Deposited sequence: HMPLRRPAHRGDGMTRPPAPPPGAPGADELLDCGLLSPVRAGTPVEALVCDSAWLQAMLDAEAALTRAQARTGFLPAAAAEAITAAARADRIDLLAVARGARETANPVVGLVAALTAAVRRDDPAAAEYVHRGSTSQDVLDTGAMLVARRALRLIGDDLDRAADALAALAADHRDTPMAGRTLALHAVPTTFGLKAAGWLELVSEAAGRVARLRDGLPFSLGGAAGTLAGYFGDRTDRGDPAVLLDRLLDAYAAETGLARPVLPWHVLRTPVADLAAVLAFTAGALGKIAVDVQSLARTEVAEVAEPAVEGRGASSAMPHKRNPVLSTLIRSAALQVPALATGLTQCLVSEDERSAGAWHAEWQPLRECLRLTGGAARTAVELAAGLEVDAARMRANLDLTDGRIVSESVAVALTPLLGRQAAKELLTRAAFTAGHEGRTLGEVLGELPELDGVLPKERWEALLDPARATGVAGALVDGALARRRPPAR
């Protein structure tokens, strides 16, 4: 019972579909896929017989392998591939003793492990990107629906000038659209790893002709990209995954702290989909991943410093944090879809909250309107003293302005009601939402 990893300590991903893509047996399967695709590619190239490739492929199934034994024998070589290869070789030998000779021919641990890593990453990135696309669809709908829903723009925790929830949602959309675009691009460029014992491919084998044939076949068999050079110590793919997962988690973290700001008791402008404590749990889960993935990504970025032809530790430090980043970001993406899809916007509570500073939140809109008649510098100086006196006498900004002798008869009454209305001073928030949505 002590082997089960249920997501007990990580509810942001527990029960979400990324768990099955990136669990230990999924990695074991990915490593078997890499082995079988290698023998298939070597067969298509002519270095081994097709019947051997067919038999190895048929045996390359996690169900044929003892996961716990493979994982526990890894301490002998610091990686699981030697144990895996021996287990796969016996499974093929049971059925086809001639094929077993061809398991793992000319190959090395890192080719199989890193190729499996990139296969797990490609499959997890497909899920992450599909969820990000779902989030973006919901966010674009929020952004269009609420183009004209006024609310208090908040800077450094205080009301500043009014804005629109549509504009805020378009910013959420911008981040999510950006992350989904990078996830898809990174997914299409993840490479296989075919290098041999020290990156010369000596074991797999005019020379340019057979290299390009084997590289083109291994790309076909794996579906992964063909890289310029073996990358056993050129860890660009891992640093890229590090970067796009930390960006994705951070972007989703941005939505999460925004929802928490808007969802708190004193504000109550939004609510997450549902004693009588409806805690914002979805944003809490997204945030919990955002406070984890960047630190994990930094450890992954440092592994670019990989010495010689295979690092004695820095490569080994990559596997678990890479799996965690995929897992946490995948959970956060799924959670963000749920959050964006079910978010409840309370437009009336937003309008009401605009009145909380007693007109101070429009005092830059009023300064602009008075500038033709007072001058820029004098209008600002006049609104500053009013905003302080209103924030002393407990009166509204309109009340205090209506007692300044400098202002008598300066505007028709109907125009004063229009100027003091926070719901009208939204700048060009509307034109910004359209340009965002036209893209």
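- Coordinate coverage of the deposited sequence is interrupted at 1-27, 233-239, 309-318, 484-489, where no C-alpha atom was modelled.
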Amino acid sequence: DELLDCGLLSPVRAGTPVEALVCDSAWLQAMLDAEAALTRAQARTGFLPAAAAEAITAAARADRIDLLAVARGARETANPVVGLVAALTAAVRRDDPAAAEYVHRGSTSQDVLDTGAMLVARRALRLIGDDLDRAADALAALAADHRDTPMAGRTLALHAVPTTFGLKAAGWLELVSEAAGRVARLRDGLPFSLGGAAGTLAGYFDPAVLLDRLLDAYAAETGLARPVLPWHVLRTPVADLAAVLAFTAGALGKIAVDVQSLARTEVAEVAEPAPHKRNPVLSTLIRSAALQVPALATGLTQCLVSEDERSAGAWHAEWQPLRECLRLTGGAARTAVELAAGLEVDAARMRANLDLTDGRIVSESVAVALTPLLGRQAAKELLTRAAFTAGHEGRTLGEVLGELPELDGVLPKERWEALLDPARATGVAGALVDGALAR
From here on, numbers count along this sequence of modelled residues.
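- The mean C-alpha temperature factor is higher for 418-426 when 418-426 and 11-19 are set side by side.
- For the pair 24-32 and 403-411, the mean Cα B-factor is higher in 403-411.
- Within the listed group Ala98, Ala136, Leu167, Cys325, the record reports its top CA B-factor for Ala98.
- Of the residues listed, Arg264, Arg94, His316, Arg310, the entry assigns the biggest Cα temperature factor to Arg94.
- Among all modelled residues in this chain, the alpha-carbon of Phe192 has a temperature factor (C-alpha) in the lowest third.
- In the deposited entry, the Cα temperature factor of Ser283 sits in the bottom third of values across the chain's modelled residues.
- Among the modelled residues of its chain, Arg226 has a C-alpha B-factor that falls in the highest third according to the deposited record.
- Looking at the C-alpha B-factors along this chain, the one for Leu211 belongs to the highest third.
- Looking at the C-alpha B-factors along this chain, the one for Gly331 belongs to the lowest third.
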